[PDB]
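First come two forms of one protein chain, each written alone as C-alpha cells, so that there is a structure 1 and a structure 2.
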Structure 1
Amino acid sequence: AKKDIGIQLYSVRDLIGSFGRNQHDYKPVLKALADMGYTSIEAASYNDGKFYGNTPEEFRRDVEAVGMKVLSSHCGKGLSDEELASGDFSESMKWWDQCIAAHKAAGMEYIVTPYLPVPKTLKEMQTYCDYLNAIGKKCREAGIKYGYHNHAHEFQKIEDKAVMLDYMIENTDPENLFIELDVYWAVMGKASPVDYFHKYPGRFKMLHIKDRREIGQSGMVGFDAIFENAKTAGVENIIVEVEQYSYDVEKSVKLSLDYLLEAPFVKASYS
C-alpha cells in the first residue's frame, strides 16, 4: 500500500448485513477494503464494551487479519438535560471508563465523538467543554487521543456571539481534545478548512476526507489546498468517508481511495 489512508466503516454500512446468526457480518467488507488498499479503519458501531456486537478483542483480530490497523472509533454519550442544567456530569463520566478500556482493548489510537447539537447558550456550551476536557483527560491517561468530529452545524453561532466549533477549540485543552475535521461539512458550513488550520494550528490531528459523493468528484472541496496545509493543521491520519454514491458502494469507496493514491499532494504517511 503506497499511502496510509483510513476508511470510516459508516461508508460501508450498507455492505454490513446479517449472515446466518451473525447480525453484523463486517468481515467480507473488511477484506474488500484491505484489497482496495485502505490501511486502517474507523469504527462506527460501539455499544456497551462491544464493536459491531463483538468483543474488542475479536473485532481487533478481524481487522488485523486483513492487514489493517484499528485506528479510531466514533462514539459518545451526550449529557442529559439535568446534567447540562446542573453542571454535574458525574453520571455520564462513569460510561467513559468502560468505553475507554474497550477502545484500548481493540487497539484504538483515537476516540472521536461524532456529533453534538448546537447548545442554546454559551453556558451550556461551556458545560460541554468541561465534559469534553474530562473525557479527553481520562482518554489521555489511558493512552488514547480524544477528538470531536464536526458536521456543518458547528459553524453556527451560539447566542449570536461565538461560533460553536471555535468556542469548543478555544475552551478545551489541546492534549484533551483534537478536532477530526470533516472538510466537506466545513465547506457546507461556509468555513475555510485552510483558514481554520491557520487559526488553530496543531488542533486537527485527523481529517475526514469527505466530498458530496466520491472524493475529488464534486468540485466542492479543495483537497490540494487542504493537504498543502496539513502540517500547520497537525494532521496525523486521514480517514475517507463516503455516504452518498455514484456507483456501487465498493466502487465508490475504491475510486475515492484512488483519487488520494494518485494525488501528489497526499503524502504516504502523516503519523
Structure 2
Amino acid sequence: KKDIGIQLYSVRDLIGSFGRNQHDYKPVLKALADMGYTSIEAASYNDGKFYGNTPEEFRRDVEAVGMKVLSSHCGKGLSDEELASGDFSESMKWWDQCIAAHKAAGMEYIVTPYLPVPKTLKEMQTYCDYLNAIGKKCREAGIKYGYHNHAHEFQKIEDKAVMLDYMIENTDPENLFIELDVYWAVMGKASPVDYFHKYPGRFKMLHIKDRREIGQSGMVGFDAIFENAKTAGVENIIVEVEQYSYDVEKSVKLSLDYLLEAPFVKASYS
C-alpha cells in the first residue's frame, strides 16, 4: 500500500481526454481505485469544467471512489501576437477561471502538459514571464503550478540554452515546478538523476512513464530515479501509460504492481 497516482490520460480510450470522446468516467474511476491508485491527475479541463462536469461534481465523483483529487493537465499557449508584443494580459482571464475551477475541485496542482520550443531566447523569456505570472496567481489560490515535458524541451534555443534548463533557471521555484516525465527525458538523452542534482527541489511531481507498462522496456532506471527522489523534491508520483501490451485495465494494473513491488518506491512522498 503506497500513495501512487494515475494520469487519466492513461484511460482516455474509456473516458476521453482534452474535451473529447467522453464516457461516464465513474466506472473507470472505481476500477482504478480498486486497483489501488490513491490519487488522480486529470486530463480534460475546459471552460470551468472537468470531463464536462462542474468542479463540485468531479470532486464528489472522485471522492466517492476514495481517491485524492490531486492534479490536472491543462494550459493555454501564447498567440504569436502575445509573443511579439510580450504582452500576455488577455490570457490571464482564462487562468482566473481555470484556477477558481481547480480550487473548487480541491486540486493541489495544475500542470501545463506542453509548450512548443520557441524560436528565440526572447520568446522563451516571454514564456518564462507568463509561467511566473500563472504560477503566482496559482500560488495565491493555494495551488502549485507546474510544467510537464516531452522530449522536445531538451533541444537548444538559438543553439545557446536548453529549453527545459532555461525554463527552470528563469522561473521562481515557488511559481513553477517541473513534473518531470522520466520516459521523455530519457527519450531526449537526458539523465533524470543529473537533472535532479542540477535543479534540486524543482521536481515536485514525476510522471512515472515507460514505453508501455511501467518498468517493462528496460529504457527507464526507476531504481535510480526513486533513490534520488529527495534531492529532486518529489511530493507525488503519477503513473502514465499511453501504449499497451494488453487491454488498458491490465496494462495500468501491472504498472501499479511494479511500483508496489519495487522496494525503492516509498509508501508516501508527501
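Note that the rigid core is defined as the largest set of C-alphas that superpose within 1.5 Å between two forms. Only residues modelled in both forms are compared. Every residue number counts along structure 1's sequence, beginning with 1.
After superposing the rigid core, the C-alpha of residue 24 moves by 2 Å or more between structure 1 and structure 2. If you overlay the core, the Cα of residue 123 moves by 0.3 Å between structure 1 and structure 2. After superposing on the rigid core, the one stretch of 3 or more consecutive residues whose C-alphas move by 2 Å or more between structure 1 and structure 2 is 17-24.
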